[PDB]
Amino acid sequence: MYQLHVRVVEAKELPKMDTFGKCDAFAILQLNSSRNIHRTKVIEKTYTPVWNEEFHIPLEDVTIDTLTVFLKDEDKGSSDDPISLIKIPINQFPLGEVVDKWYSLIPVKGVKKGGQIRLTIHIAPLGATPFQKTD
């Protein structure tokens, strides 16, 4: 069996949500359409949030599983306000490798830019140290 270790590192080039503030961003991770849904903290008033948060998500089938990453602005009267999202196929990560890179979030309709998000992703067997190359 395999575990998905995802470090939601940081994002940049976020849009200004509304005329007062910059952005109060957090990310949501979801495996497939399952109840494995995780949320980062909110970083207030910045276009360059750094979360550096690790999540450990059991995988069902590395050949077909998908990770959706949603970037949203904290609720200010209208529920969490969507910014952008990306759907990442798990089968593109070589097993055991710690893959650190940037992803281009697709802005939702009405949002002026989607931001870019840095994720460090490691698919490993149970018992392997998360975020270290699995020999």
Side-chain angles (χ1 to χ4, degrees), residues 2-135:
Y2 297 105
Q3 193 92 345
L4 166 60
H5 307 292
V6 182
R7 184 181 294 134
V8 185
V9 181
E10 63 185 332
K12 65 183 179 187
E13 217 47 63
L14 269 58
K16 186 180 158 67
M17 305 297 282
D18 85 23
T19 200
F20 270 1
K22 295 181 165 185
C23 195
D24 307 326
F26 69 102
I28 303 172
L29 306 177
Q30 178 176 29
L31 190 71
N32 299 324
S33 305
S34 80
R35 294 198 296 275
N36 295 115
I37 293 169
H38 297 275
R39 300 166 66 102
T40 69
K41 79 178 78 67
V42 169
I43 309 300
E44 301 206 83
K45 304 157 223 114
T46 181
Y47 302 122
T48 52
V50 175
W51 302 278
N52 208 35
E53 288 180 48
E54 297 174 359
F55 302 89
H56 310 284
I57 303 172
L59 290 169
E60 283 325 287
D61 185 341
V62 297
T63 68
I64 57 175
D65 285 341
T66 309
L67 178 68
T68 303
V69 182
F70 306 86
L71 189 67
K72 302 199 178 181
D73 187 30
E74 184 176 38
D75 180 11
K76 284 179 272 291
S78 60
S79 211
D80 292 332
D81 198 11
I83 297 166
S84 56
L85 80 164
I86 189 177
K87 302 214 172 243
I88 302 172
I90 295 295
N91 64 23
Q92 78 186 201
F93 295 95
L95 296 177
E97 175 179 340
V98 183
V99 178
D100 176 0
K101 59 178 210 180
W102 289 89
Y103 296 83
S104 303
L105 295 161
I106 295 166
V108 304
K109 188 178 175 201
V111 169
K112 283 177 168 174
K113 55 190 183 181
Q116 319 291 301
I117 192 165
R118 182 182 178 179
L119 306 173
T120 302
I121 288 170
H122 179 213
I123 318 304
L126 285 77
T129 295
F131 305 111
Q132 198 153 74
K133 173 73 186 297
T134 308
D135 282 2

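All residue numbers in this chain count up from 1 along the given sequence.
What you find for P82 and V108 is that their closest heavy atoms are O-CG2, 3.6 Å. Contact record, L71 with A25: CD1-CB, 4.2 Å, taken as the closest heavy-atom pair. In this structure, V8 and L119 approach most closely via the heavy-atom pair CA-CD2, 4.0 Å. Considering every non-hydrogen atom in both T120 and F131, the closest pair reads O-CE2, 3.6 Å. The minimum heavy-atom distance linking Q116 with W102 is given by the pair O-CZ3, 3.5 Å. The minimum heavy-atom distance linking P58 with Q3 is given by the pair CA-OE1, 3.5 Å.
Atom CG of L4 is separated from atom CZ of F55 by 11.0 Å, given to the nearest 0.5 angstrom. In this structure, CD1 in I43 is found 10.0 Å from OG1 in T48, a value given to the nearest 0.5 Å. Annotation: the span from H122 atom NE2 to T134 atom OG1 amounts to 3.0 Å, rounded to 0.5 Å. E74 contributes atom CD, which lies 10.5 Å from atom SG of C23 (distance to the nearest 0.5 angstrom). In this structure, the separation between CG on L67 and CG on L31 is 7.0 Å, given to the nearest 0.5 Å. Of the inter-residue distances, the one linking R7 atom CZ with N52 atom CG reads 6.0 Å to the nearest 0.5 angstrom.
Two residues are said to be in side-chain contact when any heavy atoms from C-beta on lie closer than 4.5 Å; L105 and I83 fail this criterion. Put simply, the side chain of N36 does not reach to within 4.5 Å of the side chain of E60, judged on heavy atoms. Looking at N91 and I64, their side chains never come closer than 4.5 Å, going by heavy atoms from C-beta outward. Counting only heavy atoms from C-beta outward, the side chains of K113 and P107 never approach each other to under 4.5 Å. Here the side chains of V69 and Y103 are not in contact, with every heavy-atom distance at 4.5 Å or above.
Side-chain atoms of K16 come within 3.5 Å of backbone N or O of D18 as a donor-acceptor pair. The backbone N or O of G115 sits nowhere less than 3.5 Å from a side-chain atom of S84 that would complete a donor-acceptor pair.
Listed by chain and residue number, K41 satisfy the salt bridge (charged side-chain N to carboxylate O under 4.0 Å, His left out) test with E53 (two or more places apart in sequence, or in another chain).
Heavy atoms of other residues, nucleotides or ligands lying less than 6.0 angstrom from CD1 of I106 number 12 at most. For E97, the CD atom is densely surrounded, since the number of other residues' heavy atoms within 6.0 Å is greater than 12. Atom CD of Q132 is surrounded by 12 or fewer heavy atoms from other residues, nucleotides or ligands within 6.0 Å.
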Audit row: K87, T68, side-chain hydrogen bond (donor to acceptor under 3.5 Å, both in side chains) steps and yes/no:
CA-CA 4 Å; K87 302 214 172 243; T68 303; 2.8 Å; yes
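The residues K76 and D24 are annotated as salt-bridged, a charged nitrogen and a carboxylate oxygen being separated by less than 4.0 angstrom.
If you chain together hydrophobic residues whose side chains sit under 4.5 Å apart, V50 and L29 never meet in one group. Hydrophobic clustering (ILVMFWY, side-chain heavy atoms < 4.5 Å, transitive): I90 and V98 are in distinct clusters. There is no path of hydrophobic side-chain contacts, each under 4.5 Å, that joins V9 to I123. Note on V6: it clusters hydrophobically with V62, by side-chain heavy-atom contacts below 4.5 Å among ILVMFWY residues. In the hydrophobic clustering of ILVMFWY residues, with side-chain heavy atoms under 4.5 Å counting as a link, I37 and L85 come out together.
Ring geometry for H56 versus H5: interplanar angle over 60°, hence perpendicular rather than tilted (30 to 60°).
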